[PDB]
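Written out below as structure tokens is the structure these notes cover.
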Amino acid sequence: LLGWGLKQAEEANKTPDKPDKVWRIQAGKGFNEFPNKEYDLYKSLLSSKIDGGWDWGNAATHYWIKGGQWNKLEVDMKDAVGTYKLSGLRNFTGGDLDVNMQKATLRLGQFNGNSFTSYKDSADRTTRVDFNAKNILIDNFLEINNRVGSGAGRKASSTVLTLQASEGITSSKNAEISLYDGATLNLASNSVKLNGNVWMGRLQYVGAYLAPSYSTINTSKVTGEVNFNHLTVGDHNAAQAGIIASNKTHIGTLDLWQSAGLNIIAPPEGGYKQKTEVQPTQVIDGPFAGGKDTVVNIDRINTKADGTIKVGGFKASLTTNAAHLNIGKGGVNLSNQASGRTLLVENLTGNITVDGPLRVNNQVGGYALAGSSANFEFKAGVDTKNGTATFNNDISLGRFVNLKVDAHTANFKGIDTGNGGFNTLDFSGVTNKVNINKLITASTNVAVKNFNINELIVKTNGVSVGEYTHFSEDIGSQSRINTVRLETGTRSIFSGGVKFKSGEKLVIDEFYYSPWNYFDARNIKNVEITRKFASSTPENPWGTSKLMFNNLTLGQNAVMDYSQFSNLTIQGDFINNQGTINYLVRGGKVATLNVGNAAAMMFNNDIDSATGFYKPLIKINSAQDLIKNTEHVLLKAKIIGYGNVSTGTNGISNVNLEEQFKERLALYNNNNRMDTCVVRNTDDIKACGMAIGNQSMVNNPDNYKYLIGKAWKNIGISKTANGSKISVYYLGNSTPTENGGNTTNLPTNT
């Protein structure tokens, strides 16, 4: 219950023991003259002063030094050249070896493995088993702080297996290092490469499913390339292991447990370093920061999960205070029981760069049932708060799997939660930005504080209503979505959709309407549009699209596609700058737009060189089947406060502001404006006669000469531009007079 961070910090600073009987063996002559002999080293040197034994209680073998475990020995060779194997030291209790083998390749295995234990007597002693070989080459298994047999006999105290070779501590494929409840081990060569099963923490007893079972592989000063291959933390317990590495830790396969921990800790920046009785200064550190080039390339994470079912998750962790955390191509795996299993990928003072696909139960989407809500979790740069969680790979969520990220600027590339839905896609700790490139949501709990998701997919969820893409926090100032895409949803019901809950503005540039998916736009007061605000099916709109607003603004040139079949309902101040909203008829009817409070619109010299006159400010297309002799309400207007940069209209004048709103608009048909036919040359006379339906402009271009750099308004078409109504009075596509009236000049701003 203490935690590993206390335990290793208080066990790395002790006195070894009080050994009486310091046996001092020394290899003499004969050993130091055969470079290739392959000595044994237990029987050929050691076994005089290491005795076997039988314990009354769970014995097979029993080794100590001499007459009780409270005795040291040493072996001072320093010249004995050869290659020395151990081969079969099982249940070694012993104490305080240091097989000081200079210029000697080691081996710890042939036909049998090894063990290094102590006993939990009244002294609670360590073992402090050192070696000082040249290579090591473990090459079979090893059971540091194991059990004697099963249960009987005695209990086991702690141990240390220091291993301080000088060429590189490799290993074998079949060499299962199994360090248990108390065992640590230092290493101090260069370029360890443990190519076998590293098994930190195990059931030391068969029934003890509730042991803390700490460990440590303090590869402290390994000056080369640390390299694991197969790390398997935990077995049926909360094994809180730890590693204090040396700022480059490639590992391979990680196989955690449900509730076992891991503390991969980088170095500091500068690198490491009666009577009253006074204990020595038990120095203890707190959670500190890595150095700069502290690399942890855990390139595959797995997580087995089997056993009983608890009320919640278990949340295996790996606190990793290096200044990086790269996770490669195997990415993140998980396995899920009936309760939602949980992975805690922390980083105190670094970054995270996961370039691998998230899986759960080993598939890319990863569906899960409603009770098994699998919980992925990332904490990038916690105690510096400028830490990024870059996921440079396309992630994918199935159903009932949960992401949360607490970073500074959690960049992304691709998010797939709309395939399954029911995915808590949390972002609750994001400091500023979440720069997602592609988003897929169906029934999702997205909550981002500030972002720019430059592409959006709005999916439905079949027939379930009330479950949708529910933004549940502040969207805020610098937010942006460069493309919204509502896919054409289900039949006759708004099952999926999007609503907001907070924020002040959202610069959306592109939109798509859709049957039976709703773009609810709650609580955001400056919904700005800058380019094409379109529909997914302009050739055939149908269904409904609840665009239940509260306020918006349209900037420049942003066209809109409002049908009768996508009920855009504004409950606020539609403020329209120089943008050309287009209509479609769907049966000769003008789709009126219901401005809730005030369609306050201000413009400027919004002129195009297509006519020489101004841009068609509100465009009425496809109105050739428009019903003649009928007032067509264009949009419901409540207050139209027009303005330009001056009082002067149609260029510069003293003319009032509202009259040219009859002029700049367009009933855009026959590839021309049926409102006015602004003519600057002789060739457009044919298209003008096609617009008005008169042979006076078809067969004769020189018929009318009032139109060289001029214009004329079509009589028989009137509009309202007061402060209370915008309408269209289409009663005639009439023939104009030549030099009598309804003719204007050019504004001359092109």
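Going letter by letter, the sequence shown gives residues 60 to 332, 368 to 844 in full-length UniProt numbering.
All residues carry an ideal CB built from backbone N, CA and C; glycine is no exception.
{"query": "Tell whether a beta-carbon distance below 8 Å holds between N546 and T518.", "result": "no"}
{"query": "Among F697, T770 and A760, whose alpha-carbon lies nearest the alpha-carbon of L751?", "result": "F697"}
{"query": "Kindly indicate which residue of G311, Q373, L419 and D314 has the alpha-carbon position closest to the one of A325.", "result": "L419"}
{"query": "Taking 7 Å as the cut-off, is the C-beta of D79 nearer than that to any heavy atom in the ligand PLP?", "result": "In terms of ligand content, the structure shown is empty, and the ligand PLP therefore cannot be addressed."}
{"query": "I'd like to know whether the C-beta atoms of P632 and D655 end up nearer to each other than 8 Å.", "result": "yes"}
{"query": "Within 8 Å, do at least three Cβ pairs link the region 377-389 to the region 266-273?", "result": "no"}
{"query": "Could you check the C-alpha separation between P78 and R184 for me, to the nearest Å?", "result": "10 Å"}
{"query": "What do you get for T397, buried or exposed, if any count of 16 or more other CB atoms within 10 angstroms of its CB means buried?", "result": "buried"}
{"query": "Rounded to the nearest angstrom, how far is the Cβ of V653 from that of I675, given a contact under 8 Å?", "result": "7 Å"}
{"query": "Along the chain, where does the alpha helix (DSSP H) containing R758 start, and where does it finish?", "result": "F755 to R758"}
{"query": "Helix or strand or just coil, what does DSSP make of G742?", "result": "coil"}
{"query": "Between which residues of its own chain and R774 is the CB-CB distance below 6 Å, once the five residues before and five after are set aside?", "result": "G706 and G803"}
{"query": "Where does the unbroken beta strand (DSSP E) through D603 begin, and where does it stop?", "result": "Here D603 belongs to no beta strand (DSSP E), and DSSP marks it neither H nor E."}
{"query": "Using the beta-carbon count (16 or more within 10 Å), is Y677 buried or exposed?", "result": "buried"}
{"query": "For my contact list, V251 and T291 are in at a C-beta cut-off of 8 Å; report their separation, rounded to the angstrom.", "result": "At roughly 17 Å, the Cβ-Cβ gap does not stay under 8 Å, so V251 and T291 are not in contact."}
{"query": "Determine the burial state of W123: buried for a count of at least 16 other Cβ atoms within 10 Å of its Cβ, exposed for fewer.", "result": "buried"}
{"query": "From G570 to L641, what distance separates their C-alpha atoms?", "result": "20 Å"}
{"query": "So if DSSP puts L452 in a beta bridge, which residue, or which two residues, is it bridged to?", "result": "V426"}
{"query": "Going by DSSP in three states, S107 sits in which element: helix, strand or coil?", "result": "helix"}
{"query": "Using a 10 Å radius around the Cβ and a threshold of 16 neighbouring Cβ atoms, would you call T770 buried or exposed?", "result": "buried"}
{"query": "Is it right to say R435 is buried, meaning 16 or more other beta carbons lie within 10 angstroms of its own, or is it exposed?", "result": "buried"}
{"query": "Tell me the rounded alpha-carbon separation between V772 and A785.", "result": "12 Å"}
{"query": "Helix, strand or coil: how does DSSP classify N159 here?", "result": "strand"}
{"query": "Restricting to Cα atoms, I'd like to know which of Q368, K799, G320 and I664 is closest to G690.", "result": "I664"}
{"query": "Cβ atoms of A163 and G147: under 8 Å apart, would you say?", "result": "no"}
{"query": "Touch check for the region 793-807 and the region 709-727: three-plus C-beta pairs under 8 Å?", "result": "no"}
{"query": "Please list the terminal residues of the continuous beta strand (DSSP E) segment that includes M768.", "result": "Counting along the chain, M768 falls outside any beta strand (DSSP E), and DSSP gives it neither H nor E."}
{"query": "Tell whether a beta-carbon distance below 8 Å holds between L244 and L222.", "result": "yes"}
{"query": "Using the three-state DSSP reduction, which class does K137 fall into: helix, strand or coil?", "result": "coil"}
{"query": "Classify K131 as helix, strand or coil using the three-state DSSP reduction.", "result": "strand"}
{"query": "Please determine, among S225, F494, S181 and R625, the residue with the shortest C-alpha to C-alpha distance to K193.", "result": "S225"}
{"query": "Find out if the Cβ-Cβ distance for the pair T582, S566 is shorter than 8 Å.", "result": "no"}
{"query": "Examine the Cβ distances between the region 202-213 and the region 106-123 and report whether three or more of them are shorter than 8 Å.", "result": "yes"}
{"query": "Roughly how many whole angstroms lie between the Cα atoms of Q299 and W129?", "result": "30 Å"}
{"query": "Would you check if the region 738-748 and the region 825-832 touch, i.e. whether three or more CB-CB distances between them fall below 8 Å?", "result": "no"}
{"query": "Label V158 either buried or exposed according to how many other C-beta atoms from any shown protein chain fall within 10 Å of its C-beta, with 16 as the threshold for buried.", "result": "buried"}
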